[PDB]
Structures are given as C-alpha cells and as structure tokens.
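Taking it in order: structure first as structure tokens, then the write-up.
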Amino acid sequence: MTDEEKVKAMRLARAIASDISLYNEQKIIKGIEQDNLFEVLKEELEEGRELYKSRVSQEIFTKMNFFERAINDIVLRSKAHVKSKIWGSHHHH
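Letter 10 of the sequence shown, counting from 1, is numbered 10 in the authors' numbering, and no numbers are missing.
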C-alpha cells in the first residue's frame, strides 16, 4: 500500500459517508430521534461499503478500516447536529 493509495481511499470513504449524510437528511433526523439510525441506514451503508470495496485494493479493504472510521465520524457529527437543531427549535423566543 502506498501513501497515495491510502489518501485516495480515505478521501473516497469520506465522500461516500458524506453522500449518505447529505442525501438522506430527513431519514437521518428521524433515525436519530427514534434511536434506530443504523437500522434506517442499513441499505445505504451496505451499498456504500460495496462501492468502496470495488474502488480500493483488497489490501486496503481488509487491513485498513477507513470506511468504518468515516461512517463513525458522520454518525457522531449527525447526532450532535440533529440534537442541537431539535433543542434550538424549542428554545427560542
């Protein structure tokens, strides 16, 4: 594995993860509200992982965890974002 292959793979993992966030916004809001985000995102996550797999080396896919790391980041950011907007929507004048 080269540093350049690792950079491209991390960039792809992050792009897939933010695609999932951007194009499923309403589903993600409800999933965070109902504590079933991974349930509601099941098909997107699996299709995203398969896309990632087709575009990186077997070595990167099996030994690195770039896809998992990128999904975890987007889930943490989404939880903070959605809870903050919900809080704001009933704490304003």
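Beta carbons: idealized from backbone N, C-alpha and C, even for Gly.
Check                                                                                                                                                                  : Outcome
Taking the alpha carbon of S21 as the point to measure from, which residue in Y52, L37 and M10 has its own alpha carbon closest?                                       : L37
Hey, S78 and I16 are a contact pair by Cβ (cut 8 Å); roughly how many whole angstroms apart?                                                                           : At roughly 15 Å, the Cβ-Cβ gap does not stay under 8 Å, so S78 and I16 are not in contact.
Would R49 pass as a contact of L12 if the rule is Cβ separation under 8 Å?                                                                                             : no
Can the beta-carbon of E5 be found less than 8 Å from the beta-carbon of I86?                                                                                          : no
Can you list, in chain order, the residues of its chain with a C-beta nearer than 7 Å to that of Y52? Leave out the 5 residues immediately preceding and following it. : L12, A13, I16 and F67
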